[PDB]
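A lone chain, given as structure tokens: the form deposited in one PDB entry.
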């Protein structure tokens, strides 16, 4: 008895698939409104992710792959919002058109959100379960085709932005960081 779920996954499980009203407010406050492109990338990548998940995972776990993608997308919106708030407090600016219309910030942020979920192995990569396959780093970088160094650029702030991140998840992301470092020089 006694739930083993941890806080962030708990929050995530009950989160919504769409960006919050508060988040949409940040979109509407931009010189060039990022909504359309942001929703398109999420949807376009949702497909690459699912076909890749299937190709690495195998027969009918499609349900799994979809939920894994959903959880990552939710953390992504949760963290974007979170960074926006802290940046507005830091700069006293509320129009983040450049940041939000930037593909890399988005690809980077989404990869990291999906990385934390994929490393969490939500229900848990096991010796039998569906997605008992380990799909942690550099998996995501390859599925989104994202530069290791770009991915690296979002880590620190993703961690600063996500307080409900477990210590094991923080050490994971710091590990990916270390690895990308040694892959640099």
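Shifts are known only where both forms have a C-alpha. Only the largest set of C-alpha atoms that superpose within 1.5 Å between the two forms is called the rigid core. Numbering follows the first chain given and starts at 1.
Beyond the structure shown, there is the form solved in complex with a partner chain, which is absent from this document and is the topic of what follows.
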(message) Which residue, 50, 35, 41, 153, is the contact with its partner chain in the entry with it bound, using a 4.5 Å heavy atom cutoff?
(response) 153
(message) Please determine whether residue 160 contacts its partner chain in the entry with it bound, using a 4.5 Å cut-off between heavy atoms.
(response) yes
(message) Under a 4.5 Å heavy atom criterion, is residue 87 part of the interface with its partner chain in the entry with it bound?
(response) yes
(message) Given that its partner chain is not shown alongside this chain, does residue 102 nevertheless sit within 4.5 Å of it in the entry with it bound, heavy atom to heavy atom?
(response) yes
(message) Is its partner chain in the entry with it bound close enough to 91, 174 and 177 that every residue in that trio has a heavy atom within 4.5 angstroms of it?
(response) yes
(request) After superposing the two forms on their rigid core, pick out the one entry in 36, 44, 51, 63 with a CA shift of 2 Å or more between the shown form and the other one. (result) 63
(message) Where the Cα shift reaches 2 Å or more for at least three residues in a row, which ranges qualify between the shown form and the other one on a rigid core fit?
(response) 2-5, 58-63, 122-124, 131-134
